[PDB]
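Note: ideal-geometry Cβ built from the backbone for every residue, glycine included; neighbour counts use all protein chains shown. Every number here is computed from the coordinates shown, using simple stated rules; none is lab data.
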Amino acid sequence: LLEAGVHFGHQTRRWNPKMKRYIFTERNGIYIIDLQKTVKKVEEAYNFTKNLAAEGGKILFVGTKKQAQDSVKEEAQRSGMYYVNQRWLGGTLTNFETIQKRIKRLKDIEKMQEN
RNA sequence: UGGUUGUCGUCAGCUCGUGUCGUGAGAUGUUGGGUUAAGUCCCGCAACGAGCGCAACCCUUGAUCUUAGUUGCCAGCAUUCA
């Protein structure tokens, strides 16, 4: 079922054998995904992500491509969660506390320029 | 041995935290592009920072404003060997 989408999906010769369970093959040389194996997977993603945003860890939305910038930004500012619109800084999660320091610095200085 | 100095060298380096990579020694930052007197600064980056250095503040000289005119100065006021 094509619900709304446009994705046949991507790549030429550089492709991964671990997606043999998901794709088809066009005579173009660019691969077309079996969308019947797409609708059910986004359905389970939909359900489990409803459960996760029902429990209360917020959600990270991270997109670090020129296509991904305005999309992930506007979508997370629509949903209220935590986005990445530019580079993904090395160690936001495993190095979490020194990023909390630098974001508190940003909070101090953006309060400082008006208060 | 303390303390105090030379020298590399006023060279621009030397490190650390947390993270990640590596079996480990180590790596990373600190590399790359431009830039600088400068690891100076920017941009990209598995890194984000920080410290000692670099620079700046400090002293002098270069100029002008205010205060302050004696022992310093003599512009217009006359006398003076001055």
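Among the residues of region A:87-107, is there at least one that is part of a helix (DSSP H, G or I), of a type in the set (K, R), away from RNA strand B (no atom under 12 Å from the Cβ) and under 28 Å from A:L2 (Cα atoms)?
No, because not a single residue in region A:87-107 is part of a helix (DSSP H, G or I), of a type in the set (K, R), away from RNA strand B (no atom under 12 Å from the Cβ) and under 28 Å from A:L2 (Cα atoms).
One line per residue, one yes/no per condition, for (1) under 26 Å from A:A54 (Cβ atoms); (2) surrounded by 11 or more Cβ atoms within 10 Å (Cβ to Cβ); (3) in contact with an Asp or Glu (Cβ under 7 Å, 6 or more places away or on another chain):
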| site | (1), (2), (3) |
| --- | --- |
| A:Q69 | no, yes, no |
| A:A76 | yes, yes, no |
| A:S79 | yes, yes, no |
| A:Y83 | yes, yes, no |
| A:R87 | no, no, no |
| A:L106 | no, no, no |
| A:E110 | no, no, no |
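Here is a list of conditions, (1) of a type in the set (V, I, T); (2) surrounded by 12 or more Cβ atoms within 10 Å (Cβ to Cβ); (3) within 16 Å of RNA strand B (Cβ to nearest atom), and A:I32 meets all of them except one; can you say which number that is?
Looking at each condition in turn, A:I32 falls short on (3).
List the pairs whose first member sits in region A:2-22 and is closer than 16 Å to A:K40 by Cβ, whose second member is part of a loop (DSSP other than H, G, I, E, B), and whose Cβ atoms are under 7 Å apart, counting only residues at least 6 apart or on separate chains?
If the second residue must be part of a loop (DSSP other than H, G, I, E, B), the pairs left are A:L2/A:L35; A:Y22/A:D34.
To keep it simple, each residue is scored yes or no on (1) more than 30 Å from A:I103 (Cβ to Cβ); (2) assigned to a loop (DSSP other than H, G, I, E, B); (3) not β-branched (V, I, T).
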residue: A:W15; (1), (2), (3): yes, yes, yes
residue: A:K20; (1), (2), (3): yes, yes, yes
residue: A:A45; (1), (2), (3): no, no, yes
residue: A:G57; (1), (2), (3): no, yes, yes
residue: A:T64; (1), (2), (3): no, yes, no
residue: A:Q67; (1), (2), (3): no, no, yes
